Amino acid sequence: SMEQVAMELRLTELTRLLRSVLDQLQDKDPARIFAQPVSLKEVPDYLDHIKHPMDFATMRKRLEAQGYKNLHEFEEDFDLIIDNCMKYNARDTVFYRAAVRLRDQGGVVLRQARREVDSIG
């Protein structure tokens with residue numbers, strides 16, 4: 001149907017926008033602390049601790065299969081990356097501190113993206 005196509009034009013535009021957002025957010029992690037999932041080989045207990053792991057590459061796989069239906073869903077995943085990190089790691093670590101910085105730097109990007117999504121539908 002033509003109604004179905006039009007939903008698909010909008011999903012595809014959402015995806016284009018969210019790719020820009022994701023790159024912008026990944027630049028706030030120059031150390032690439034959040035680029036890949038935590039290794040179970042290198043942290044075998046990780047799933048005893050964190051129930052929903054998340055990382056930029058897993059967000060990117062989802063994004064390219066147009067699996068984000070809106071910005072809330074994408075914002076939940078981004079917040080997982082930060083929130084998992086601040087639980088697992090202690091306050092005085094390079095990992096926690098990188099989360100805080102990503103959160104603060106990310107919140108700006110996400111403040112304007114929420115306006116660009118509302119603004120352009």
# chains A, B, ... in the order shown; residues from 1 in each chain; ligands from 1
>>> residues_around(residues="residue 33 of chain A", least_positions_apart="3", cutoff="9 Å", atoms="only C-alpha atoms", output="ChimeraX atom specification")
/A:29-30,36,95,98-99
>>> residues_around(residues="segment 17-20 of chain A", least_positions_apart="6", cutoff="12 Å", atoms="only C-alpha atoms", output="ChimeraX atom specification")
/A:10-11,26-27,56-57,59-75,78,109-110,112-117,120-121
>>> select_by_dssp(residues="chain A", states="alpha helix (DSSP H)", output="number ranges by chain")
A: 2-27, 46-49, 56-64, 71-88, 94-120
>>> write_last_selection(atoms="C-alpha atoms", output="JSON list (two decimals), in the first residue's frame")
[["chain", "number", "residue", "atom", "x", "y", "z"],
["A", 2, "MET", "CA", 0.99, 3.59, -0.46],
["A", 3, "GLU", "CA", 0.38, 4.15, 3.30],
["A", 4, "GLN", "CA", 2.96, 1.35, 4.05],
["A", 5, "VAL", "CA", 5.54, 2.87, 1.72],
["A", 6, "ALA", "CA", 5.15, 6.26, 3.42],
["A", 7, "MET", "CA", 5.78, 4.76, 6.86],
["A", 8, "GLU", "CA", 8.86, 3.17, 5.35],
["A", 9, "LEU", "CA", 10.03, 6.52, 3.90],
["A", 10, "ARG", "CA", 9.71, 7.97, 7.46],
["A", 11, "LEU", "CA", 11.53, 5.03, 9.14],
["A", 12, "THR", "CA", 14.34, 5.35, 6.65],
["A", 13, "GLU", "CA", 14.60, 9.09, 7.36],
["A", 14, "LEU", "CA", 14.62, 8.40, 11.08],
["A", 15, "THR", "CA", 17.42, 5.94, 10.50],
["A", 16, "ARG", "CA", 19.45, 8.52, 8.51],
["A", 17, "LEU", "CA", 19.07, 11.03, 11.34],
["A", 18, "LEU", "CA", 19.95, 8.42, 14.02],
["A", 19, "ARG", "CA", 23.15, 7.45, 12.15],
["A", 20, "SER", "CA", 24.31, 11.07, 12.36],
["A", 21, "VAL", "CA", 23.40, 11.13, 16.04],
["A", 22, "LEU", "CA", 25.27, 7.86, 16.68],
["A", 23, "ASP", "CA", 28.45, 9.13, 14.99],
["A", 24, "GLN", "CA", 28.26, 12.34, 16.93],
["A", 25, "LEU", "CA", 27.93, 10.35, 20.18],
["A", 26, "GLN", "CA", 30.74, 7.97, 19.34],
["A", 27, "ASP", "CA", 33.07, 11.02, 18.86],
["A", 46, "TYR", "CA", 29.84, -9.85, 33.41],
["A", 47, "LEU", "CA", 26.34, -11.23, 32.91],
["A", 48, "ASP", "CA", 26.01, -11.97, 36.64],
["A", 49, "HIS", "CA", 26.30, -8.19, 36.99],
["A", 56, "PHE", "CA", 27.98, 1.30, 20.05],
["A", 57, "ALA", "CA", 28.58, -1.59, 17.64],
["A", 58, "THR", "CA", 25.43, -3.41, 18.81],
["A", 59, "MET", "CA", 23.53, -0.09, 18.44],
["A", 60, "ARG", "CA", 24.98, 0.21, 14.94],
["A", 61, "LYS", "CA", 23.87, -3.33, 13.95],
["A", 62, "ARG", "CA", 20.33, -2.47, 15.07],
["A", 63, "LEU", "CA", 20.39, 0.92, 13.35],
["A", 64, "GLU", "CA", 21.35, -0.62, 9.98],
["A", 71, "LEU", "CA", 14.28, 8.16, 19.29],
["A", 72, "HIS", "CA", 13.11, 6.89, 22.69],
["A", 73, "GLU", "CA", 14.28, 3.37, 21.78],
["A", 74, "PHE", "CA", 17.69, 4.66, 20.67],
["A", 75, "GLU", "CA", 17.95, 6.84, 23.81],
["A", 76, "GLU", "CA", 17.26, 3.74, 25.98],
["A", 77, "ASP", "CA", 20.16, 1.88, 24.38],
["A", 78, "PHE", "CA", 22.51, 4.83, 24.76],
["A", 79, "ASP", "CA", 21.55, 5.19, 28.39],
["A", 80, "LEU", "CA", 22.24, 1.42, 28.86],
["A", 81, "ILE", "CA", 25.85, 1.92, 27.78],
["A", 82, "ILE", "CA", 26.33, 4.65, 30.32],
["A", 83, "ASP", "CA", 24.30, 3.10, 33.08],
["A", 84, "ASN", "CA", 25.87, -0.38, 32.81],
["A", 85, "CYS", "CA", 29.27, 1.17, 33.01],
["A", 86, "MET", "CA", 28.55, 3.27, 36.14],
["A", 87, "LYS", "CA", 27.26, 0.19, 37.98],
["A", 88, "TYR", "CA", 30.02, -2.28, 37.06],
["A", 94, "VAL", "CA", 38.92, 5.50, 33.80],
["A", 95, "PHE", "CA", 35.80, 3.58, 32.69],
["A", 96, "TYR", "CA", 33.30, 5.31, 34.99],
["A", 97, "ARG", "CA", 34.81, 8.69, 34.24],
["A", 98, "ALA", "CA", 34.49, 8.13, 30.48],
["A", 99, "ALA", "CA", 30.77, 7.31, 31.03],
["A", 100, "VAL", "CA", 30.16, 10.53, 32.86],
["A", 101, "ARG", "CA", 31.86, 12.51, 30.10],
["A", 102, "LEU", "CA", 29.88, 10.70, 27.39],
["A", 103, "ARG", "CA", 26.64, 11.34, 29.27],
["A", 104, "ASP", "CA", 27.32, 15.08, 29.61],
["A", 105, "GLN", "CA", 28.62, 15.52, 26.08],
["A", 106, "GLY", "CA", 25.89, 13.23, 24.76],
["A", 107, "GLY", "CA", 23.01, 15.05, 26.48],
["A", 108, "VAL", "CA", 23.67, 18.12, 24.29],
["A", 109, "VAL", "CA", 23.56, 16.12, 21.03],
["A", 110, "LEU", "CA", 20.38, 14.38, 22.26],
["A", 111, "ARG", "CA", 18.81, 17.70, 23.31],
["A", 112, "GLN", "CA", 18.98, 18.93, 19.68],
["A", 113, "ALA", "CA", 18.13, 15.57, 18.08],
["A", 114, "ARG", "CA", 14.83, 15.44, 20.11],
["A", 115, "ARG", "CA", 14.04, 18.86, 18.56],
["A", 116, "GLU", "CA", 15.02, 17.70, 14.98],
["A", 117, "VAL", "CA", 12.71, 14.60, 15.28],
["A", 118, "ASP", "CA", 9.68, 16.59, 16.58],
["A", 119, "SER", "CA", 10.42, 19.36, 14.05],
["A", 120, "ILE", "CA", 10.70, 17.02, 11.01]]
>>> atom_distance(atom1="atom CA of residue 37 of chain A", atom2="atom CA of residue 51 of chain A")
13.0 Å
>>> decode(residues="segment 96-109 of chain A", atoms="N, CA, C and O atoms", output="PDB file, in the first residue's frame")
ATOM      1  N   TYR A  96      34.418   4.525  34.435  1.00  0.00           N
ATOM      2  CA  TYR A  96      33.299   5.308  34.985  1.00  0.00           C
ATOM      3  C   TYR A  96      33.414   6.754  34.511  1.00  0.00           C
ATOM      4  O   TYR A  96      32.429   7.362  34.078  1.00  0.00           O
ATOM      5  N   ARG A  97      34.622   7.293  34.559  1.00  0.00           N
ATOM      6  CA  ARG A  97      34.814   8.690  34.245  1.00  0.00           C
ATOM      7  C   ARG A  97      34.502   8.990  32.780  1.00  0.00           C
ATOM      8  O   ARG A  97      33.901  10.032  32.471  1.00  0.00           O
ATOM      9  N   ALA A  98      34.865   8.060  31.898  1.00  0.00           N
ATOM     10  CA  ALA A  98      34.488   8.134  30.477  1.00  0.00           C
ATOM     11  C   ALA A  98      32.957   8.086  30.225  1.00  0.00           C
ATOM     12  O   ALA A  98      32.473   8.675  29.246  1.00  0.00           O
ATOM     13  N   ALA A  99      32.220   7.364  31.089  1.00  0.00           N
ATOM     14  CA  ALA A  99      30.769   7.306  31.034  1.00  0.00           C
ATOM     15  C   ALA A  99      30.163   8.641  31.365  1.00  0.00           C
ATOM     16  O   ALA A  99      29.250   9.110  30.691  1.00  0.00           O
ATOM     17  N   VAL A 100      30.647   9.234  32.432  1.00  0.00           N
ATOM     18  CA  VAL A 100      30.161  10.530  32.860  1.00  0.00           C
ATOM     19  C   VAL A 100      30.370  11.536  31.727  1.00  0.00           C
ATOM     20  O   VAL A 100      29.463  12.269  31.370  1.00  0.00           O
ATOM     21  N   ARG A 101      31.559  11.559  31.159  1.00  0.00           N
ATOM     22  CA  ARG A 101      31.864  12.505  30.099  1.00  0.00           C
ATOM     23  C   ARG A 101      30.991  12.312  28.852  1.00  0.00           C
ATOM     24  O   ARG A 101      30.580  13.275  28.210  1.00  0.00           O
ATOM     25  N   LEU A 102      30.725  11.057  28.520  1.00  0.00           N
ATOM     26  CA  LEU A 102      29.877  10.695  27.388  1.00  0.00           C
ATOM     27  C   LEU A 102      28.429  11.098  27.620  1.00  0.00           C
ATOM     28  O   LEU A 102      27.755  11.547  26.718  1.00  0.00           O
ATOM     29  N   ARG A 103      27.974  10.920  28.848  1.00  0.00           N
ATOM     30  CA  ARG A 103      26.644  11.336  29.274  1.00  0.00           C
ATOM     31  C   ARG A 103      26.463  12.843  29.104  1.00  0.00           C
ATOM     32  O   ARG A 103      25.502  13.302  28.481  1.00  0.00           O
ATOM     33  N   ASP A 104      27.388  13.603  29.676  1.00  0.00           N
ATOM     34  CA  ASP A 104      27.321  15.075  29.612  1.00  0.00           C
ATOM     35  C   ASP A 104      27.449  15.643  28.191  1.00  0.00           C
ATOM     36  O   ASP A 104      26.683  16.545  27.780  1.00  0.00           O
ATOM     37  N   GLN A 105      28.420  15.118  27.458  1.00  0.00           N
ATOM     38  CA  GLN A 105      28.618  15.516  26.076  1.00  0.00           C
ATOM     39  C   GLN A 105      27.505  15.008  25.180  1.00  0.00           C
ATOM     40  O   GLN A 105      27.132  15.684  24.228  1.00  0.00           O
ATOM     41  N   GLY A 106      26.972  13.832  25.507  1.00  0.00           N
ATOM     42  CA  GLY A 106      25.888  13.233  24.761  1.00  0.00           C
ATOM     43  C   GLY A 106      24.563  13.937  24.946  1.00  0.00           C
ATOM     44  O   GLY A 106      23.836  14.123  23.986  1.00  0.00           O
ATOM     45  N   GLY A 107      24.253  14.338  26.176  1.00  0.00           N
ATOM     46  CA  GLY A 107      23.005  15.050  26.481  1.00  0.00           C
ATOM     47  C   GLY A 107      22.715  16.299  25.654  1.00  0.00           C
ATOM     48  O   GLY A 107      21.548  16.683  25.494  1.00  0.00           O
ATOM     49  N   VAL A 108      23.778  16.936  25.151  1.00  0.00           N
ATOM     50  CA  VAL A 108      23.674  18.119  24.290  1.00  0.00           C
ATOM     51  C   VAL A 108      23.177  17.669  22.915  1.00  0.00           C
ATOM     52  O   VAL A 108      22.138  18.147  22.433  1.00  0.00           O
ATOM     53  N   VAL A 109      23.909  16.721  22.324  1.00  0.00           N
ATOM     54  CA  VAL A 109      23.559  16.121  21.026  1.00  0.00           C
ATOM     55  C   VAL A 109      22.111  15.609  21.033  1.00  0.00           C
ATOM     56  O   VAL A 109      21.356  15.846  20.093  1.00  0.00           O
TER      57      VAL A 109
END
